Amino acid sequence: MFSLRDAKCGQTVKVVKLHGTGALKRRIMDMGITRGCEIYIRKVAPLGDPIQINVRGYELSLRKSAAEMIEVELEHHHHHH
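First residue of the sequence shown? That's 1 in the authors' numbering, and the numbers climb one at a time after it.
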């Protein structure tokens, strides 16, 4: 299981799946965190929570509770001309 909380502050992830009892997913998606959107992990607190991320142009703090349930991918692509 690779969650959003498994990402480091300074890395770029993208949301693929959203786990939870449905209602949790709705809350996540309602805030803007959506399947397909890219998330630049800005700041992760040493406590694990909260996690500051910039999504859709909004920089906010997401609770580790959700971050630990969100399914993302650490997209590592290379740069080129």
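Quick reminder that beta carbons are idealized off the backbone N, C-alpha and C, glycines included.
Task: Helix, strand or coil at residue 53 [DSSP, three-state] - done: strand
Open item on the list: Give me the DSSP bridge partner(s) of residue 60.
Closed with: 53
Task: Counterpart residues of residue 47 in DSSP-defined beta bridges - done: In the DSSP output, where bridge partners are listed per residue, residue 47 has none listed.
- [ ] Could you pull out every residue in the same chain whose Cβ sits closer than 8 Å to the Cβ of residue 3, ignoring the five residues on either side in sequence?
- [x] 67, 68, 69, 70, 71, 72
Open item on the list: If I measure Cβ to Cβ from residue 56 and keep anything under 7 Å in the same chain, skipping five residues before and after, which residues do I get?
Closed with: 32, 37
- [ ] Compare the beta carbon distance of residue 64 and residue 35 with 9 Å and say whether it is the shorter of the two.
- [x] no
Open item on the list: Taking the straight line between their C-alpha atoms, what separation do you get for residue 5 and residue 51?
Closed with: 8 Å
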